[PDB]
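J.: Chains as they are written, first to last, in the UniProt record's numbering: chain A, 207 to 389; chain B, 381 to 588.
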Ligand SMILES: *[C@@H]1O[C@H](CO)[C@@H](O[C@@H]2O[C@H](CO)[C@@H](O[C@@H]3O[C@H](CO)[C@@H](O)[C@H](O)[C@@H]3O)[C@H](O)[C@H]2NC(C)=O)[C@H](O)[C@H]1NC(C)=O
Ligand SMILES: *[C@@H]1O[C@H](CO)[C@@H](O[C@@H]2O[C@H](CO)[C@@H](O)[C@H](O)[C@H]2NC(C)=O)[C@H](O)[C@H]1NC(C)=O
Ligand SMILES: *[C@@H]1O[C@H](CO)[C@@H](O)[C@H](O)[C@H]1NC(C)=O
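Encoded structure:
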C-alpha cells in the first residue's frame, strides 16, 4: 500500500516578492508562493491509499477524517503504519487544542479502509495548544495493538503514555517533575 | 388505468442519496415495455423472480430510480458494508425487491446527464461531547439525515459538509463527506422495485 496526501492551495493567498537575479538579468522575476497568513484560507488536505500490487484494476481509496475534526478547517499532522494492513492518522483541528488518532484496518471488500470509532483517541489541552510544536507521534508495538506516545500529565509534564488501540484511556509509564524529549 | 412511468423518462435522474420514488397503486403496467427502452446490464431479484415481477398483481408497486455507475455494481447489494448501503440507499427485506442497473441508450434523448456521479461515503453525527461520533446509517426506504447538507451533486471528491445542531435536535454537529465518480458516455441508472400486498387491494396488475 502507498498512502499519499492531496493538498489544495487553489484559494490560498499568494505572497509575491521580487528576485533581482544576476547582473545580466534585466527584469526582476516575481515569485508567487501560496502563503496563508493569520486567518486566511488554509489549504485543504485529503489522505488516499493505493494498492501498488494490483493498481490497473483499482483506484485510490480516500480515508476520510473523523467527524470530530470535520466541524471546520483541520490539519493532517501524522501518518503512521501500524501493521501491513493498519494505518494511523493524526488529525488536528484548526484551533490547535484538539487532535485525534484514527486507526484504520484494511477490508477485503468495500469499504477498503474500515476505521472503527471505538479506536479513536482524543488529545486536548485546556490551557494552551496540544504538543510542543505538534502532538507526539504514536510509536506502535510489533503487533500494532498498542502504541506508546508522549502526553502531558495532570501536573503538566510531557511523559510516555501506554495506549491500547481499543481501550479509551492510556497509562503513563514515567512520571516526575521533568519531561521526555523523544522515544 | 395505466401506471405513469413518465417522470422516469424525462429530466435528470437524482443521485443515489436523493433517489426519486414512484408509488404505483390502482393501475396497469407493462414493465418489459419500460425495460425495452433501456439497455439492461444487470437484473437481479430477491424473494421474487424478474420474470414474475413483470407479470403478477400487487396492491402497491414502488419504483426508485437514480443515477448509478456500473462500476459500483458490487456495492448495490444489501448484504454489503459499502458507503452506498451504509449512508445512501438501502432496500427493505420484509417484502420482495428487485434491483436493475440500466444504461440510457442513444434512442432516449429525453433523459439528461449530470456532470458526474456522486455518493456519500461518510454521514455521521458528532455529539455534545464534542468527542463521541455516532455514524448515521440510513434506514430502509428512507433518506439519509445528511441530505440536508450534502448538495444535489458533490462538486469535488472529498468535500466535507457540516451543520451545527440546536440542543433540541440533539446538540453537537451533523457531519458528512462526499465522493464522486466520472460520468460515462451514456447515462447509467439504477432501479429499485419493491412490491407490497394488501388484502382486498390487489390493484396493480399487468395489462393484457
Ligand atoms: C480545491 O479548492 C477549490 C477552492 O475551494 C475548489 O474549487 C471551488 O469549489 C467550491 C465548492 O466547494 C466552489 O464554490 C461554489 O460552490 C457553490 C455551491 O452551490 C456553487 O453554487 C458555486 O458556483 C461554486 O461552485 C468554487 O467555485 C470552486 N472554485 C474554483 C473551481 O475555482 C476545488 O474544487 C478544490 N479541489 C480539490 C481537488 O479539492
Ligand atoms: C479550544 O480553544 C477554544 C478557543 O481557544 C475553546 O473555546 C473557548 O472555550 C472557553 C471556555 O470553554 C469559552 O469561554 C470561549 O468562549 C470559547 N471560545 C469561543 C470562540 O467560543 C475550547 O474550549 C478549547 N477546547 C478545549 C477542549 O479546551
Ligand atoms: C407489453 O410490452 C411488450 C413489449 O415488447 C409487448 O410485446 C406486449 O405485447 C405488451 N403487452 C401489453 C399487454 O401491453
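The beta carbon of each residue, even a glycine, is placed where N, CA and C say it ideally should be.
#1: Looking only at its chain, what residues have a beta carbon closer than 8 Å to the beta carbon of residue 220 (chain A), apart from the 5 residues adjacent to it on each side?
#2: In angstroms, rounded to a whole number, what distance separates the CA positions of residue 463 (chain B) and residue 517 (chain B)?
#3: What residues does ligand 2 have around it, judged by CB closer than 7 Å to any heavy atom, in chain order?
#4: So residue 386 (chain B) is in the alpha helix (DSSP H); what residue range does that whole segment cover?
#5: Relative to the C-alpha of residue 458 (chain B), which residue among B:540, B:412, B:521 is closest?
#6: Using a Cβ-Cβ distance under 8 Å, would residue 403 (chain B) count as near chain A?
#7: Residue 274 (chain A) CB to nearest chain B CB: under 8 Å?
#8: Using a Cβ cut-off of 7 Å, which residues of the segment 244-257 of chain A contact any Cβ in chain B, in chain order?
#9: Considering only heavy atoms of ligand 3, does any lie closer than 7 Å to the CB of residue 564 (chain B)?
#10: Using a Cβ-Cβ distance under 8 Å, would residue 455 (chain B) count as near chain A?
#11: Can you tell me whether residue 319 (chain A) is buried or exposed? The criterion is at least 16 other CB atoms within 10 Å of its CB, across all chains shown.
#12: Along chain B, which residues have their Cβ under 8 Å away from the Cβ of residue 328 (chain A)?
#13: Tell me whether residue 414 (chain B) sits in a helix, a strand or coil according to DSSP, three-state version.
#14: Touching or not, the segment 289-304 of chain A and the segment 488-498 of chain B, by the rule of three or more beta carbon pairs under 8 Å?
#15: Between which two residues does the alpha helix (DSSP H) containing residue 209 (chain A) stretch?
#16: Going straight from the alpha carbon of residue 339 (chain A) to that of residue 508 (chain B), what length do you get?
#17: What residue does the alpha helix (DSSP H) around residue 432 (chain B) start on, and which one ends it?
#18: Would residue 514 (chain B) and residue 447 (chain B) qualify as a contact pair, given that the criterion is a beta-carbon distance under 8 Å?
#19: So which residues of chain A does residue 501 (chain B) contact, with C-beta pairs closer than 8 Å?
#20: Does residue 190 (chain A) have its Cβ less than 8 Å from a Cβ in chain B?
#21: Taking 8 Å as the cut-off, does the segment 471-485 of chain B touch the segment 245-252 of chain A (at least 3 CB pairs, one atom from each stretch)?
#22: Report yes if the C-beta distance between residue 315 (chain A) and residue 336 (chain A) is below 8 Å; otherwise report no.
#23: Rounded to whole angstroms, what is the Cα-Cα separation between residue 341 (chain A) and residue 312 (chain A)?
#24: Beta-carbon of residue 323 (chain A) versus every beta-carbon of chain B: anything under 8 Å?
#25: So with CB distances below 7 Å, who are the chain B contacts of residue 183 (chain A)?
T.: In terms of the structure at hand:
#1: Within the first chain, the letter at position 14 stands for residue 220 (chain A). Counting only Cβ-Cβ distances below 8 Å, and skipping sequence neighbours, we find 238, 239, 240, 241.
#2: Walking along the second chain from the start, residue 463 (chain B) turns up at place 83. Walking along the second chain from the start, residue 517 (chain B) turns up at place 137. One C-alpha to the other measures close to 9 Å.
#3: A:301, A:303, A:304, A:330, A:331, A:332
#4: Your numbering for residue 386 (chain B) matches position 6 in the second chain. Here the alpha helix (DSSP H) through residue 386 (chain B) covers 386-389.
#5: Reading the second chain from its first residue, position 78 is the one you call residue 458 (chain B). Closest option to residue 458 (chain B), Cα to Cα, is B:521.
#6: On the second chain, position 23 is the one that residue 403 (chain B) refers to. By this cut-off, residue 403 (chain B) is not an interface position.
#7: Reading the first chain from its first residue, position 68 is the one you call residue 274 (chain A). At least one chain B Cβ lies under 8 Å of residue 274 (chain A).
#8: 252
#9: As a first step, residue 564 (chain B) is located in the second chain; it is residue number 184 there, counting from the start. No, since every heavy atom of ligand 3 falls outside the 7 Å radius drawn around the Cβ of residue 564 (chain B).
#10: Locating residue 455 (chain B) in the second chain gives position 75, where the first residue counts as 1. At least one chain A Cβ lies under 8 Å of residue 455 (chain B).
#11: Your numbering for residue 319 (chain A) matches position 113 in the first chain. Flag for residue 319 (chain A) reads buried.
#12: The residue you call residue 328 (chain A) lines up with position 122 of the first chain. 511, listed in chain order.
#13: Residue numbering aside, residue 414 (chain B) sits at position 34 when the second chain is read from its first letter. Correct three-state label for residue 414 (chain B): helix.
#14: no
#15: Within the first chain, the letter at position 3 stands for residue 209 (chain A). Careful: residue 209 (chain A) lies outside any alpha helix (DSSP H), inside the beta strand (DSSP E) at 208-214.
#16: Start at 1 with the first residue of the first chain, and residue 339 (chain A) comes out as number 133. Start at 1 with the first residue of the second chain, and residue 508 (chain B) comes out as number 128. If I take the Cα positions, the gap works out to 28 Å.
#17: For this step, residue 432 (chain B) is matched to residue 52 along the second chain. Residue 432 (chain B) -> alpha helix (DSSP H) spans 430-433.
#18: Working through the second chain from its first residue, we reach residue 514 (chain B) at position 134. Working through the second chain from its first residue, we reach residue 447 (chain B) at position 67. No, the Cβ-Cβ distance between residue 514 (chain B) and residue 447 (chain B) is not below 8 Å.
#19: Here residue 501 (chain B) is taken as the residue at index 121 of the second chain, counted from 1. What residue 501 (chain B) touches in chain A: 268, 270, 317.
#20: Nothing can be reported for residue 190 (chain A), as the shown portion of chain A is limited to 207 through 389.
#21: The way I'd put it, the segment 245-252 of chain A doesn't touch the segment 471-485 of chain B; fewer than three beta-carbon pairs between them come closer than 8 Å.
#22: Translated into positions along the first chain, residue 315 (chain A) becomes position 109. Translated into positions along the first chain, residue 336 (chain A) becomes position 130. No, Cβ-Cβ distance for residue 315 (chain A) and residue 336 (chain A) is not below 8 Å.
#23: Walking along the first chain from the start, residue 341 (chain A) turns up at place 135. Walking along the first chain from the start, residue 312 (chain A) turns up at place 106. The straight-line gap from Cα to Cα measures roughly 25 Å.
#24: Looking up residue 323 (chain A) in the first chain gives position 117. For residue 323 (chain A), the answer is yes, since a Cβ of chain B falls inside 8 Å of its Cβ.
#25: For residue 183 (chain A) there is no data in the structure shown, the boundaries of chain A being 207 and 389.
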